[PDB]
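Structure 1 and structure 2, given next as structure tokens, are two forms of the same protein chain, each shown alone.
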Structure 1
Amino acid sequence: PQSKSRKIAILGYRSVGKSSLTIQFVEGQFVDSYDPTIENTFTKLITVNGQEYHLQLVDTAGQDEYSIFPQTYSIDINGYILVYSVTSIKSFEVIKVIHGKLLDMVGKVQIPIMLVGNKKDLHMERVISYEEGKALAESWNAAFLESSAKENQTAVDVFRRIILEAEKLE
């Protein structure tokens, strides 16, 4: 087809950089601040392996270990990006809980789930190694990338990759 519309939900604990990553990709800017309590859907046209997509990104407000994941929430979602911050242990423990709840929601439907460790630019504050995030992702059979919302190419790589994974499963 000439174009495919795909919707990806961006999940994770408060403050890990879900809005900033999404805005870096969509607008090519690192925003000073963006309301942490707001959920918006952003869109961007991207081409992956010659195929054009209208990618819709649902920048969720945030989840924690008491968040819920009714099957209702999964309607029209084609893939999930689970974000933690490499500077926050809490955020990494939370993404593990979110993933298990997510799996319960989506069951065995063929939709991609990838893991993203964000804020990789904060070297002095890092508390999670690359390898710890990669091993988690492997245990999930999930793609893994680290990012910085201050680095446009790392934002682009994240959203290109979730579309590549979606295509492999379709």
Structure 2
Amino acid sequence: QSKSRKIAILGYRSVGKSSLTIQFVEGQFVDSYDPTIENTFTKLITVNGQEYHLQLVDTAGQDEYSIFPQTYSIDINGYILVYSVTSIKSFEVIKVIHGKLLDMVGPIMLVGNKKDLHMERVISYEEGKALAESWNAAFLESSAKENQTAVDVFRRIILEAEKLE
């Protein structure tokens, strides 16, 4: 009866990929986490009464140039593309990442993290929303400081997978 899913969390460095995943997995907000390592977390969750075992591939992070390794496209059932609402460069980069990803595969969602930082925000909600609409993808904003927003992210990619499945 059980169901395994492997999810890759992509984005520019310091957007909060690790912080988000850890919020969800451990239920606590981390400051000290190293941006170099790739890590793979597990979690169990029930979505519409189906129990999933999630493998969450928190990538180191990438930029305009870096080429996709094969762990970014083999055996992946969902992608979470994260930018930070405080970094325009993170937002330009995530459009690049999304382009490369369609070519390197031939269920993706977009998350604008760090929404709690109202004095540093330089990307509007609607910019993110418009972009994901342009990809035909789900969009959420999140704060790694706020558990429900991180839970909502990872739940959402499963919900997205259930339709596209």
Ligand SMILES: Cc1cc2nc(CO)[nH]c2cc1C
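Numbering for residues begins at 1 and runs along the sequence of structure 1. For clarity, a rigid core is taken as the largest C-alpha set superposing within 1.5 Å between two forms.
K.L.:
Of these two copies of the chain, point out the form solved without this ligand.
P.N.:
That would be structure 2.
K.L.:
Cα of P36 displaced 2 Å or more between the two structures, core superposed?
P.N.:
It does not reach a 2 Å shift.
K.L.:
By how many angstrom does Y73 shift at its CA between the two structures when the core is held fixed?
P.N.:
Core-aligned C-alpha shift comes out at 3.5 Å.
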